[PDB]
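Student: Before I ask anything, here is the structure I am working with.
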Amino acid sequence: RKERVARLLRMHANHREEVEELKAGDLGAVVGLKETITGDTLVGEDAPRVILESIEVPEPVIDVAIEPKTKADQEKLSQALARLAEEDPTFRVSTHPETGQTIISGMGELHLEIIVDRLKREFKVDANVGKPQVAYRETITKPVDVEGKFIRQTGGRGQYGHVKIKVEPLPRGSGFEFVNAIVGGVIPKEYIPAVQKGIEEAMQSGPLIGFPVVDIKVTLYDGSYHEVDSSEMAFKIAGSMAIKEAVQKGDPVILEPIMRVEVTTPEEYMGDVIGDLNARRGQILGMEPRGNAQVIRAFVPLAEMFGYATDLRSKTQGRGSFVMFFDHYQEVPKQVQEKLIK
Amino acid sequence: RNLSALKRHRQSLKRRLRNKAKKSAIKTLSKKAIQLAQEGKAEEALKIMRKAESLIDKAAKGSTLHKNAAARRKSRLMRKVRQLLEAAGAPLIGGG
Amino acid sequence: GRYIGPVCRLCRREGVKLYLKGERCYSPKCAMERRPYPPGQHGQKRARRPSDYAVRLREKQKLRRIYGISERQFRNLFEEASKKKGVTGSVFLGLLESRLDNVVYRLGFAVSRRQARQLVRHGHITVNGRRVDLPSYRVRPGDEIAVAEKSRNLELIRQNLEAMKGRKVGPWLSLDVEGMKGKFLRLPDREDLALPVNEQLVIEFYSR
RNA sequence: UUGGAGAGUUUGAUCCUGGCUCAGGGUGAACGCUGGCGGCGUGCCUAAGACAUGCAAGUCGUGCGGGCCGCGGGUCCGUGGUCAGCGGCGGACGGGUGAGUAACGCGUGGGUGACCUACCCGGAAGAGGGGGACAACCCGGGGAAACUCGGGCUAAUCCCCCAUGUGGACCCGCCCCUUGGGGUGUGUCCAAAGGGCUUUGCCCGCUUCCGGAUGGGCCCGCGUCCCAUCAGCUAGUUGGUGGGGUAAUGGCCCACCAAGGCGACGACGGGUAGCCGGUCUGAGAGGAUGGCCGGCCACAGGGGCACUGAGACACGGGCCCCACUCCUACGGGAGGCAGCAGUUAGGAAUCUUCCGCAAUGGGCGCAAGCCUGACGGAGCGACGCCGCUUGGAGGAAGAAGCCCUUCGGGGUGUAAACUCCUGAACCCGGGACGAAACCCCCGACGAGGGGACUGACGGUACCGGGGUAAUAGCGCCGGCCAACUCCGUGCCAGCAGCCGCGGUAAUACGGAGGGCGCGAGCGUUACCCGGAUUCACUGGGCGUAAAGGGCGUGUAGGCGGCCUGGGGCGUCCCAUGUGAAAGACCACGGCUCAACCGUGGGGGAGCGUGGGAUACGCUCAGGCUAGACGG
RNA sequence: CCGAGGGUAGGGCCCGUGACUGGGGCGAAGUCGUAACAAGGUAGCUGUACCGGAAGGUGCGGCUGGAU
Ligand code: SF4
Ligand SMILES: [Mg+2]
Ligand SMILES: [Mg+2]
Ligand SMILES: [Mg+2]
Ligand SMILES: [Mg+2]
Ligand SMILES: [Mg+2]
Ligand SMILES: [Mg+2]
Ligand SMILES: [Mg+2]
Ligand SMILES: [Mg+2]
Ligand SMILES: [Mg+2]
Ligand SMILES: [Mg+2]
Ligand SMILES: [Mg+2]
Ligand SMILES: [Mg+2]
Ligand SMILES: [Mg+2]
Ligand SMILES: [Mg+2]
Ligand SMILES: [Mg+2]
Ligand SMILES: [Mg+2]
Ligand SMILES: [Mg+2]
Ligand SMILES: [Mg+2]
Ligand SMILES: [Mg+2]
Ligand SMILES: [Mg+2]
Ligand SMILES: [Mg+2]
Ligand SMILES: [Mg+2]
Ligand SMILES: [Mg+2]
Ligand SMILES: [Mg+2]
Ligand SMILES: [Mg+2]
Ligand SMILES: [Mg+2]
Ligand SMILES: [Mg+2]
Ligand SMILES: [Mg+2]
Ligand SMILES: [Mg+2]
Ligand SMILES: [Mg+2]
Ligand SMILES: [Mg+2]
Ligand SMILES: [Mg+2]
Ligand SMILES: [Mg+2]
Ligand SMILES: [Mg+2]
Ligand SMILES: [Mg+2]
Ligand SMILES: [Mg+2]
Ligand SMILES: [Mg+2]
Ligand SMILES: [Mg+2]
Ligand SMILES: [Mg+2]
Ligand SMILES: [Mg+2]
Ligand SMILES: [Mg+2]
Ligand SMILES: [Mg+2]
Ligand SMILES: [Mg+2]
Ligand SMILES: [Mg+2]
Ligand SMILES: [Mg+2]
Ligand SMILES: [Mg+2]
Ligand SMILES: [Mg+2]
Ligand SMILES: [Mg+2]
Ligand SMILES: [Mg+2]
Ligand SMILES: [Mg+2]
Ligand SMILES: [Mg+2]
Ligand SMILES: [Mg+2]
Ligand SMILES: [Mg+2]
Ligand SMILES: [Mg+2]
Ligand SMILES: [Mg+2]
Ligand SMILES: [Mg+2]
Ligand SMILES: [Mg+2]
Ligand SMILES: [Mg+2]
Ligand SMILES: [Mg+2]
Ligand SMILES: [Mg+2]
Ligand SMILES: [Mg+2]
Ligand SMILES: [Mg+2]
Ligand SMILES: [Mg+2]
Ligand SMILES: [Mg+2]
Ligand SMILES: [Mg+2]
Ligand SMILES: [Mg+2]
Ligand SMILES: [Mg+2]
Ligand SMILES: [Mg+2]
Ligand SMILES: [Mg+2]
Ligand SMILES: [Mg+2]
Ligand SMILES: [Mg+2]
Ligand SMILES: [Mg+2]
Ligand SMILES: [Mg+2]
Ligand SMILES: [Mg+2]
Ligand SMILES: [Mg+2]
Ligand SMILES: [Mg+2]
Ligand SMILES: [Mg+2]
Ligand SMILES: [Mg+2]
Ligand SMILES: [Mg+2]
Ligand SMILES: [Mg+2]
Ligand SMILES: [Mg+2]
Ligand SMILES: [Mg+2]
Ligand SMILES: [Mg+2]
Ligand SMILES: [Mg+2]
Ligand SMILES: [Mg+2]
Ligand SMILES: [Mg+2]
Ligand SMILES: [Mg+2]
Ligand SMILES: [Mg+2]
Ligand SMILES: [Mg+2]
Ligand SMILES: [Mg+2]
Ligand SMILES: [Mg+2]
Ligand SMILES: [Mg+2]
Ligand SMILES: [Mg+2]
Ligand SMILES: [Mg+2]
Ligand SMILES: [Mg+2]
Ligand SMILES: [Mg+2]
Ligand SMILES: [Mg+2]
Ligand SMILES: [Mg+2]
Ligand SMILES: [Mg+2]
Ligand SMILES: [Mg+2]
Ligand SMILES: [Mg+2]
Ligand SMILES: [Mg+2]
Ligand SMILES: [Mg+2]
Ligand SMILES: [Mg+2]
Ligand SMILES: [Mg+2]
Ligand SMILES: [Mg+2]
Ligand SMILES: [Mg+2]
Ligand SMILES: [Mg+2]
Ligand SMILES: [Mg+2]
Ligand SMILES: [Mg+2]
Ligand SMILES: [Mg+2]
Ligand SMILES: [Mg+2]
Ligand SMILES: [Mg+2]
Ligand SMILES: [Mg+2]
Ligand SMILES: [Mg+2]
Ligand SMILES: [Mg+2]
Ligand SMILES: [Mg+2]
Ligand SMILES: [Mg+2]
Ligand SMILES: [Mg+2]
Ligand SMILES: [Mg+2]
Ligand SMILES: [Mg+2]
Ligand SMILES: [Mg+2]
Ligand SMILES: [Mg+2]
Ligand SMILES: [Mg+2]
Ligand SMILES: [Mg+2]
Ligand SMILES: [Mg+2]
Ligand SMILES: [Mg+2]
Ligand SMILES: [Mg+2]
Ligand SMILES: [Mg+2]
Ligand SMILES: [Mg+2]
Ligand SMILES: [Mg+2]
Ligand SMILES: [Mg+2]
Ligand SMILES: [Mg+2]
Ligand SMILES: [Mg+2]
Ligand SMILES: [Mg+2]
Ligand SMILES: [Mg+2]
Ligand SMILES: [Mg+2]
Ligand SMILES: [Mg+2]
Ligand SMILES: [Mg+2]
Ligand SMILES: [Mg+2]
Ligand SMILES: [Mg+2]
Ligand SMILES: [Mg+2]
Ligand SMILES: [Mg+2]
Ligand SMILES: [Mg+2]
Ligand SMILES: [Mg+2]
Ligand SMILES: [Mg+2]
Ligand SMILES: [Mg+2]
Ligand SMILES: [Mg+2]
Ligand SMILES: [Mg+2]
Ligand SMILES: [Mg+2]
Ligand SMILES: [Mg+2]
Ligand SMILES: [Mg+2]
Ligand SMILES: [Mg+2]
Ligand SMILES: [Mg+2]
Ligand SMILES: [Mg+2]
Ligand SMILES: [Mg+2]
Ligand SMILES: [Mg+2]
Ligand SMILES: [Mg+2]
Ligand SMILES: [Mg+2]
């Protein structure tokens with residue numbers, strides 16, 4: 001819908017200011033917008049009608065793999081969740097590079113119970129899944145810098161890709177930053193969209209446990225070429241032989257996703273819920289009353305959050321509850337660190 | 001927050017005062033001349049009566065009275081004084 | 001706007017030959033010459049008896065699609081002659097024939113009315129000097145349709161004036177080849193034209 | 001004689017009554033899907049809810065005197081600005097809303113011998129002497145502010161007195177008329193103002209008086225919605241008299257006397273509602289309707305009120321009260337968007353805090369000019385209507401793909417691809433009309449020529465040149481009703497306006513292929529009319545379908561036999577006045593067409609006045625016996 | 001003097017609402033019996049009065065829209 005931008009206002013410590021124009025990058029108050037709420041996308045009248053999605057992070061933290069069983073009805077699976085991709089854009093569906101299989105991401109057990117239920121009872125889907133949801137991520141500690149030489153010049157059929165990148169640690173939750181820092185043009189202009197596809201394909205699997213790597217920063221800066229031999233299918237594997245090895249060399253260390261719970265247990269069963277919440281790797285944050293009753297709120301890693309579904313029944317005689325939402329990332333102790341690698 | 005309407009209101013007050021003046025003396029003299037017209041006191045009631053008639057037309061010159069208003073007040077006064085002086089005559093002096 | 005759709009389906013649905021592709025119609029490559037049954041999955045089926053409304057319905061559209069005119073303007077022209085004197089089931093066809101784009105088609109200036117419209121709309125036709133790009137224009141008797149000077153040098157009006165070296169016009173029309181100009185004589189009679197349309201049924205329908 | 005269409009459904013079937021429902025056309029619309037352009041329209045119907053800020057009525061130095069300033073010097077005058085103040089004129093028009101009102105409020109035709117009218121217009125006359133005050137100004141108290149108060153000086157087109165009376169007004173006569181109309185005689189009373197320029201001259205003013213013109217007031221006959229489950233209502237109430245008041249009649253107001261006034265022809269009471277031009281439907285009759293535009297009325301936050309005035313009992317003037325809101329320095333004080341935009345709430349929904357005084361019109365003025373949210377344009381919204389574009393031509397016995405299929409074939413389909421052709425948009429140049437008046441010059445500031453200036457829209461329309469194939473969506477496809485198959489479903493999911501569909505071969509559900517209908521729109525909901533001859537005047541009925549009152553008597557009320565005449569009320573005819581404009585009707589013309597817009601023609605009804613006719617109805621009189629009563 | 005309004009007192013109409021209640025409508029594979037349509041197995045309908053779990057029965061008078 002359109003709306004009338006009328007007064008353009010700014011606010012001062014002592015008074016108000018009406019101005020004539022607002023430049024890009026800046027912010028302010030505009031009067032006249034009748035039916036506009038926050039988080040809304042405003043463009044000019046005859047301008048690209050685009051959403052600024054921007055407000056980022058869906059973000060999937062549970063990995064549930066699905067198997068199309070046997071066999072010819074695999075193309076209905078990829079077409080079933082396709083009806084849910086434009087209908088529910090929070091979870092993802094991406095195949096595993098190593099091990100090779102589709103993993104249906106999601107937000108929670110109930111999120112990935114209704115997708116499993118509805119498909120089995122509205123779309124038939126010849127399938128049956130596992131499935132845990134431990135969906136770990138891996139990243140580095142110190143900056144790395146390697147090379148990926150993918151050269152085969154002993155015959156007369158292409159293959160020459162020389163790609164040198166700098167993988168440096170980016171804070172957790174920041175994501176993936178790719179920049180082109182070629183001095184002059186030691187690599188052709190066309191083989192930049194395709195070297196990135198070897199950097200991101202190798203990042204779909206890990207060196208330690210085989211799970212995707214995030215929170216890094218690849219800086220392509222130099223690399224040689226051969227005019228006739230170099231192919232676009234020669235620089236891609238050059239950007240994968242330097243990503244499977246940079247992150248593998250420079251101090252690769254583990255991380256996991258923690259969740260926040262709010263338990264509404266009667267006060268008579270508090271100490272039972274508390275003591276166990278900590279033996280569930282818990283860091284308490286405080287308690288408050290509610291239905292009288294009382295609510296308790298802490299930080300518990302997802303891995304120790306499976307039995308807790310029915311455990312609140314074992315304790316509270318069936319009088320408690322919870323909610324559980326993801327929060328952030330950290331570094332598991334070396335007791336579980338050095339033992340998860342198996 | 002301005003406008004000469006207050007200027008206009010200022011004048012109307014001055015006219016209201018000057019107008020409320022003449023009408024009082026009109027009544028004061030018209031009523032007195034009719035009293036002495038019941039007395040008779042014949043001459044002594046025309047003397048006042050003339051002064052009244054003047055004030056009737058002096059106001060009518062401006063906005064204090066319309067002409068019909070003057071014509072009306074002049075008609076009644078001459079009438080109601082006459083029938084009074086019909087109790088005992090003597091029309092002296094001039095006036096009618 | 002206008003129809004801009006496929007047009008040989010029309011002659012099939014009507015059961016008549018509504019000459020509208022122009023040159024293509026006379027040749028035996030015409031749809032009607034080949035397929036007379038109406039289009040669609042059940043064209044060849046032996047038709048079922050139409051109701052009287054179906055009869056009058058299939059007449060009203062037959063007239064419209066001959067001239068190519070929207071329902072609005074079609075009805076307003078209809079409702080005009082009715083509000084006028086005389087027989088409505090006549091002057092209607094007159095006001096249909098008094099349209100500038102229809103006059104351009106009968107004066108040979110075009111292969112088809114579909115084509116004549118564009119030529120009118122593209123400013124290539126001036127009437128009595130005034131350049132008139134209005135197809136909805138209504139023409140009166142006493143007028144001289146012509147091609148513009150800056151539009152006399154075109155490799156398409158030529159081949160249509162050259163086709164009209166041989167063919168003759170109707171009674172109520174004048175033409176001047178080489179000099180590429182026309183002349184509107186008078187308003188026609190129901191005998192002057194003989195369109196495959198029983199005009200009574202068109203008035204017989206709108207009364208409902 | 002320019003105008004008139006019906007369908008489905010009660011049964012096994014028939015005929016009828018009769019209800020139900022649909023097709024049509026309409027909107028200040030809105031909601032769904034879709035949505036390119038131009039034009040002319042139009043856009044808070046809900047909360048007459050409350051509102052931030054801005055703007056919406058002001059002008060004259062050719063009415064007066066001051067504060068300051070520039071300008072020519074002898075701080076004197078002159079002068080130009082400028083600021084308020086005094087004094088004129090306007091603010092009573094112009095703009096908005098639809099609250100209230102069932103009423104002379106409106107509409108229509110009159111009546112005023114019961115009345116008024118500023119500026120404008122015409123005729124007649126006149127402008128001579130005197131006297132006085134309040135602001136500005138200085139001085140002074142108080143306040144945050146709003147700002148007020150006190151003392152003194154002073155100008156005029158401000159106020160006062162005397163003179164003049166062509167005239168006018170009033171008392172009583174007296175004359176013609178007939179409601180208080182027109183004269184005249186005597187007594188009585190009243191006019192005023194000056195400024196300016198070129199100067200024994202004009203110009204704008206001023207004064208009393210008669211006339212026109214325009215604008216009203218007041219009053220009257222007729223017309224004007226639902227409820228009788230509202231049947232009786234009324235003390236200023238109805239009438240007189242006297243007076244008050246008003247421009248003027250009047251119970252309008254007041255004292256008094258009288259006992260009256262209204263009601264089934266609907267008083268009183270209740271509900272709703274602004275009324276007309278018109279608008280829409282309709283074969284007509286009738287129904288519904290009152291946005292926009294023109295005319296009238298009413299209100300200006302809710303109320304009461306007077307003042308000024310030519311005119312208001314005053315939207316942006318004043319006084320008081322009440323509800324609400326806000327400012328504050330808490331001592332106090334301010335405000336009224338149903339003006340133009342705008343905010344907020346409510347809601348299904350209704351817009352730019354734009355430009356211009358260039359035109360038109362209004363106010364002030366000698367003029368220049370100044371003011372003008374009236375007005376002219378611009379903006380927004382497919383809200384409405386109207387025009388236009390998304391291309392034209394060639395192009396297979398018919399590509400691919402999808403669908404159907406007796407697997408022979410059929411269908412989409414000349415459609416596309418494809419060849420030819422044109423050129424929406426965009427780009428470049430030119431560039432409007434609306435604008436010639438006021439005014440300067442001649443003449444005579446007259447008449448008549450001649451002269452310059454000014455364009456918001458807008459560098460828009462439109463004209464020249466170049467110039468690219470350039471948006472298509474929606475509803476239906478059982479019968480009404482136009483348009484058919486396939487699959488999925490299995491009295492499920494769902495459709496449905498009516499009858500009715502779905503229980504494993506669904507033309508009815510959802511999808512697809514196919515088809516019908518409309519097109520920048522299409523469908524839906526809400527409401528008005530139509531079909532409804534189903535409130536029936538046109539134009540229905542009542543034995544059994546809904547409907548004869550249980551049956552008499554009789555009030556008002558409706559209706560009334562035969563012959564002749566008087567009147568002319570109904571009725572009929574003519575003539576005239578009226579029926580504004582706009583619209584509609586017909587004709588033509590202006591914007592490239594149209595919509596839109598202009599010029600001109602043509603009427604009606606109904607009412608006023610005058611004339612006539614006399615059958616029929618009425619009425620006054622006379623007469624008959626066929627009705628009716630009676631012996 | 002009149003006067004907006006304020007207040008005291010007493011009335012009339014309308015709307016919303018109320019424990020509880022009185023019937024009425026739409027439903028449907030019920031419980032109950034089986035009144036009307038055939039003389040419906042007691043001819044039916046009817047105004048009334050009384051009684052009865054319920055439809056209904058009965059008394060009086062009426063109607064034929066009652067059969068042989
Ligand atoms: S080509 Fe033939 S069938 Fe097709 S529209 Fe022309 S006349 Fe009709
Ligand atoms: Mg504890
Ligand atoms: Mg004020
Ligand atoms: Mg004030
Ligand atoms: Mg003034
Ligand atoms: Mg006294
Ligand atoms: Mg006498
Ligand atoms: Mg064909
Ligand atoms: Mg006709
Ligand atoms: Mg017709
Ligand atoms: Mg050219
Ligand atoms: Mg050209
Ligand atoms: Mg019709
Ligand atoms: Mg005729
Ligand atoms: Mg029937
Ligand atoms: Mg029946
Ligand atoms: Mg049946
Ligand atoms: Mg039947
Ligand atoms: Mg309809
Ligand atoms: Mg819409
Ligand atoms: Mg859309
Ligand atoms: Mg517009
Ligand atoms: Mg409002
Ligand atoms: Mg205004
Ligand atoms: Mg200086
Ligand atoms: Mg000097
Ligand atoms: Mg000085
Ligand atoms: Mg001044
Ligand atoms: Mg005003
Ligand atoms: Mg007005
Ligand atoms: Mg208006
Ligand atoms: Mg209006
Ligand atoms: Mg209303
Ligand atoms: Mg009433
Ligand atoms: Mg009444
Ligand atoms: Mg009247
Ligand atoms: Mg009346
Ligand atoms: Mg009159
Ligand atoms: Mg009068
Ligand atoms: Mg005039
Ligand atoms: Mg003298
Ligand atoms: Mg003198
Ligand atoms: Mg003097
Ligand atoms: Mg102070
Ligand atoms: Mg002070
Ligand atoms: Mg004051
Ligand atoms: Mg003096
Ligand atoms: Mg007389
Ligand atoms: Mg005198
Ligand atoms: Mg005078
Ligand atoms: Mg004097
Ligand atoms: Mg001189
Ligand atoms: Mg006179
Ligand atoms: Mg009632
Ligand atoms: Mg009383
Ligand atoms: Mg009295
Ligand atoms: Mg009296
Ligand atoms: Mg009264
Ligand atoms: Mg008495
Ligand atoms: Mg009466
Ligand atoms: Mg109302
Ligand atoms: Mg009818
Ligand atoms: Mg009405
Ligand atoms: Mg109106
Ligand atoms: Mg309005
Ligand atoms: Mg108006
Ligand atoms: Mg008023
Ligand atoms: Mg208000
Ligand atoms: Mg008020
Ligand atoms: Mg008021
Ligand atoms: Mg007021
Ligand atoms: Mg206001
Ligand atoms: Mg005012
Ligand atoms: Mg405050
Ligand atoms: Mg303030
Ligand atoms: Mg104080
Ligand atoms: Mg103070
Ligand atoms: Mg006080
Ligand atoms: Mg005060
Ligand atoms: Mg307020
Ligand atoms: Mg506005
Ligand atoms: Mg407004
Ligand atoms: Mg709003
Ligand atoms: Mg709301
Ligand atoms: Mg709403
Ligand atoms: Mg709302
Ligand atoms: Mg608004
Ligand atoms: Mg102007
Ligand atoms: Mg003007
Ligand atoms: Mg305007
Ligand atoms: Mg538009
Ligand atoms: Mg259109
Ligand atoms: Mg074939
Ligand atoms: Mg075969
Ligand atoms: Mg075949
Ligand atoms: Mg083609
Ligand atoms: Mg191809
Ligand atoms: Mg072109
Ligand atoms: Mg001027
Ligand atoms: Mg002038
Ligand atoms: Mg002149
Ligand atoms: Mg311009
Ligand atoms: Mg424009
Ligand atoms: Mg040129
Ligand atoms: Mg070209
Ligand atoms: Mg195209
Ligand atoms: Mg093409
Ligand atoms: Mg194409
Ligand atoms: Mg385009
Ligand atoms: Mg349809
Ligand atoms: Mg059908
Ligand atoms: Mg059919
Ligand atoms: Mg078939
Ligand atoms: Mg299916
Ligand atoms: Mg459907
Ligand atoms: Mg049935
Ligand atoms: Mg089926
Ligand atoms: Mg159907
Ligand atoms: Mg279907
Ligand atoms: Mg209806
Ligand atoms: Mg019909
Ligand atoms: Mg009809
Ligand atoms: Mg009817
Ligand atoms: Mg009927
Ligand atoms: Mg009848
Ligand atoms: Mg009937
Ligand atoms: Mg009956
Ligand atoms: Mg009775
Ligand atoms: Mg009798
Ligand atoms: Mg009688
Ligand atoms: Mg008789
Ligand atoms: Mg009689
Ligand atoms: Mg006679
Ligand atoms: Mg008569
Ligand atoms: Mg007449
Ligand atoms: Mg006449
Ligand atoms: Mg007219
Ligand atoms: Mg006209
Ligand atoms: Mg005519
Ligand atoms: Mg033109
Ligand atoms: Mg006329
Ligand atoms: Mg005529
Ligand atoms: Mg006629
Ligand atoms: Mg006679
Ligand atoms: Mg006679
Ligand atoms: Mg007799
Ligand atoms: Mg007898
Ligand atoms: Mg009172
Ligand atoms: Mg009070
Ligand atoms: Mg009271
Ligand atoms: Mg009380
Ligand atoms: Mg009470
Ligand atoms: Mg209850
Ligand atoms: Mg039941
Ligand atoms: Mg029985
Ligand atoms: Mg039985
Ligand atoms: Mg029995
Ligand atoms: Mg009984
Ligand atoms: Mg018994
Ligand atoms: Mg029988």
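Going by the structure tokens order, chains are called A, B, ..., each with residues numbered from 1, while ligands are numbered from 1 in the order shown.
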Within 9 Å of ligand 73, counting only C-alpha atoms (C1' of nucleotides) and all ligand atoms, which protein or nucleic acid residues do you find, written as number ranges by chain?
Tutor: B: 5; D: 91-92, 312, 314-317
Student: Kindly export the residues of the current selection with N, CA, C and O atoms (P, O5', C5', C4', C3', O3' and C1' of nucleotides), as a PDB file, in the first residue's frame.
Tutor:
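Final output, saved to part24.pdb:
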```
ATOM      1  N   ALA B   5     -11.609  44.203  14.682  1.00  0.00           N
ATOM      2  CA  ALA B   5     -12.913  43.941  15.278  1.00  0.00           C
ATOM      3  C   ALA B   5     -12.981  44.516  16.685  1.00  0.00           C
ATOM      4  O   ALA B   5     -14.015  45.058  17.094  1.00  0.00           O
TER       5      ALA B   5
ATOM      6  P     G D  91     -20.785  44.047   5.330  1.00  0.00           P
ATOM      7  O5'   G D  91     -19.871  43.255   6.379  1.00  0.00           O
ATOM      8  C5'   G D  91     -19.133  42.099   5.995  1.00  0.00           C
ATOM      9  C4'   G D  91     -18.024  41.759   6.971  1.00  0.00           C
ATOM     10  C3'   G D  91     -18.437  41.114   8.284  1.00  0.00           C
ATOM     11  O3'   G D  91     -18.684  39.727   8.178  1.00  0.00           O
ATOM     12  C1'   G D  91     -16.903  42.836   8.726  1.00  0.00           C
ATOM     13  P     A D  92     -19.642  39.013   9.250  1.00  0.00           P
ATOM     14  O5'   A D  92     -21.060  39.661   8.940  1.00  0.00           O
ATOM     15  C5'   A D  92     -21.547  39.740   7.606  1.00  0.00           C
ATOM     16  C4'   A D  92     -23.002  39.380   7.547  1.00  0.00           C
ATOM     17  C3'   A D  92     -23.707  39.712   6.241  1.00  0.00           C
ATOM     18  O3'   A D  92     -24.749  38.762   6.045  1.00  0.00           O
ATOM     19  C1'   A D  92     -24.725  40.892   8.004  1.00  0.00           C
ATOM     20  P     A D 312     -31.231  43.190  11.545  1.00  0.00           P
ATOM     21  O5'   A D 312     -30.086  42.144  11.909  1.00  0.00           O
ATOM     22  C5'   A D 312     -29.868  41.004  11.081  1.00  0.00           C
ATOM     23  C4'   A D 312     -28.874  40.017  11.662  1.00  0.00           C
ATOM     24  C3'   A D 312     -29.118  39.575  13.112  1.00  0.00           C
ATOM     25  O3'   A D 312     -28.848  38.177  13.251  1.00  0.00           O
ATOM     26  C1'   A D 312     -26.919  40.398  12.886  1.00  0.00           C
ATOM     27  P     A D 314     -26.906  35.788  17.485  1.00  0.00           P
ATOM     28  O5'   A D 314     -25.855  36.067  16.321  1.00  0.00           O
ATOM     29  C5'   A D 314     -26.259  36.064  14.956  1.00  0.00           C
ATOM     30  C4'   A D 314     -25.135  36.456  14.022  1.00  0.00           C
ATOM     31  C3'   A D 314     -23.789  35.774  14.266  1.00  0.00           C
ATOM     32  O3'   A D 314     -23.175  35.505  13.012  1.00  0.00           O
ATOM     33  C1'   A D 314     -23.514  38.118  14.339  1.00  0.00           C
ATOM     34  P     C D 315     -23.550  34.172  12.197  1.00  0.00           P
ATOM     35  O5'   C D 315     -22.441  33.135  12.660  1.00  0.00           O
ATOM     36  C5'   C D 315     -21.082  33.528  12.725  1.00  0.00           C
ATOM     37  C4'   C D 315     -20.199  32.403  13.190  1.00  0.00           C
ATOM     38  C3'   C D 315     -18.737  32.764  13.373  1.00  0.00           C
ATOM     39  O3'   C D 315     -18.464  33.415  14.597  1.00  0.00           O
ATOM     40  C1'   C D 315     -18.873  30.826  12.074  1.00  0.00           C
ATOM     41  P     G D 316     -17.738  34.846  14.579  1.00  0.00           P
ATOM     42  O5'   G D 316     -16.258  34.509  14.113  1.00  0.00           O
ATOM     43  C5'   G D 316     -15.432  33.658  14.890  1.00  0.00           C
ATOM     44  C4'   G D 316     -14.014  33.680  14.387  1.00  0.00           C
ATOM     45  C3'   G D 316     -13.485  35.052  14.000  1.00  0.00           C
ATOM     46  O3'   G D 316     -13.015  35.803  15.103  1.00  0.00           O
ATOM     47  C1'   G D 316     -13.053  33.545  12.256  1.00  0.00           C
ATOM     48  P     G D 317     -12.913  37.400  14.990  1.00  0.00           P
ATOM     49  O5'   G D 317     -13.697  37.925  16.274  1.00  0.00           O
ATOM     50  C5'   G D 317     -15.099  38.141  16.221  1.00  0.00           C
ATOM     51  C4'   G D 317     -15.480  39.435  16.890  1.00  0.00           C
ATOM     52  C3'   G D 317     -15.887  39.338  18.351  1.00  0.00           C
ATOM     53  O3'   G D 317     -14.788  39.250  19.240  1.00  0.00           O
ATOM     54  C1'   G D 317     -17.477  40.624  17.198  1.00  0.00           C
TER      55        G D 317
END
```
Student: When the cut-off is 10 Å and you count only C-alpha atoms (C1' of nucleotides) and all ligand atoms, which residues lie near ligand 117, shown as a VMD selection string?
Tutor: chain D and resid 486 to 490 504 to 506
Student: Let me see the file: selected residues, C-alpha atoms (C1' of nucleotides), as a PDB file, in the first residue's frame.
Tutor:
```pdb
ATOM      1  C1'   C D 486     -10.550 -35.854 -17.773  1.00  0.00           C
ATOM      2  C1'   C D 487      -8.640 -36.970 -12.943  1.00  0.00           C
ATOM      3  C1'   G D 488      -8.865 -36.678  -7.454  1.00  0.00           C
ATOM      4  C1'   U D 489     -12.543 -37.181  -3.879  1.00  0.00           C
ATOM      5  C1'   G D 490     -16.644 -41.141  -1.797  1.00  0.00           C
ATOM      6  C1'   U D 504     -16.299 -45.244  -5.994  1.00  0.00           C
ATOM      7  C1'   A D 505     -17.985 -43.398 -13.632  1.00  0.00           C
ATOM      8  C1'   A D 506     -19.893 -35.762  -9.933  1.00  0.00           C
TER       9        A D 506
END
```
Student: What residues of the protein or nucleic acid chains come within 10 Å of ligand 139 when you use only C-alpha atoms (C1' of nucleotides) and all ligand atoms? Reply as a list in words.
Tutor: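 So, counting only C-alpha atoms (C1' of nucleotides) and all ligand atoms, the residues near ligand 139 are residues 585, 586, 587, 601, 602 and 603 of chain D.
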Student: Please identify which residues in segment 6-218 of chain A DSSP calls alpha helix (DSSP H) from the backbone, and express them as an NGL selection string.
Tutor: :A and (74-80 or 82-85 or 111-122 or 196-202)
Student: How would you write, as a ChimeraX atom specification, the set of residues no farther than 10 Å from ligand 115 when counting only C-alpha atoms (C1' of nucleotides) and all ligand atoms?
Tutor: /D:475-477,495-496,508-509
